[PDB]
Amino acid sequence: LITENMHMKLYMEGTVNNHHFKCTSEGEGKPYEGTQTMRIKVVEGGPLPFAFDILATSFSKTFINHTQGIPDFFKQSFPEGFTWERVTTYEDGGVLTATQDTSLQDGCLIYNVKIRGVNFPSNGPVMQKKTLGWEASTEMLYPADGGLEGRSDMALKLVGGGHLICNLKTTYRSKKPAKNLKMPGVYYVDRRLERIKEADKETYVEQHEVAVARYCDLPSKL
């Protein structure tokens, strides 16, 4: 059902500082090796007046390599799928919220994303388009209410070097009933999200992510 190779389709709509846009993507990856690729089109609203980089994480939790017994909450949620919602707070004032629906319709993963970003400073690297990709990041995940919550800090590279830091809070909800879910322990996902190709003023973007889950491998004294 969640096979070694899997494809996905995405529809995205939203608003960043009064600017409306829509996106679509199709892609594929290896859900069990944590690897994936999306080719993304801006179909309405382009060329975007803000750095495409703020959207990157809105574009895939089925594609995380879960290893040492680590109950895979995202894969188990199938056939019925799961949702996520997030608020990302940028240290210079911008806030982006995203609510997403992940389903599996007739062999293919369908993603539906709604974005709303406000308060981005007009003199900031995001609105001035002075960003250069994300550094690697670690998410810590912990169980809450029969779902998972996530916490992460991320660094967006700037022109002239230095970083704009942002903070992520995410709630994961299964649509499959709790007595069918082995819930995992507090765990961590390390991930790297890279841009592979762009064209036509970021109206075409190709994006690749690798992600691997872990329990803490450090010696314990207890």
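In this text, residue numbers run from 1 along the sequence as written.
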{"query": "Where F59 meets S60 in the shown sequence, the number of deposited residues left unmodelled", "finding": "1 to 3"}
{"query": "Mean Cα B-factor comparison, 146-154 or 123-131, giving the higher one as deposited", "finding": "146-154"}
{"query": "Of 82-90 and 69-77, the one with larger mean CA B-factor", "finding": "69-77"}
{"query": "Highest-ranked of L141, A136, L96, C108 once sorted by CA temperature factor in the record", "finding": "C108"}
{"query": "Which of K175, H163, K169, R192 ranks first by CA B-factor in the deposited coordinates", "finding": "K175"}
{"query": "Third of the chain, ranked by Cα B-factor, where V212 sits", "finding": "lowest"}
{"query": "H19, C-alpha B-factor rank within chain (lowest, middle or highest third)", "finding": "middle"}
{"query": "For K197, the third of its chain into which the C-alpha B factor falls", "finding": "lowest"}
{"query": "Third of the chain's Cα B-factor distribution that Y32 belongs to, per the entry", "finding": "highest"}
{"query": "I64 - which third its CA temperature factor falls in, relative to the rest of the chain", "finding": "lowest"}
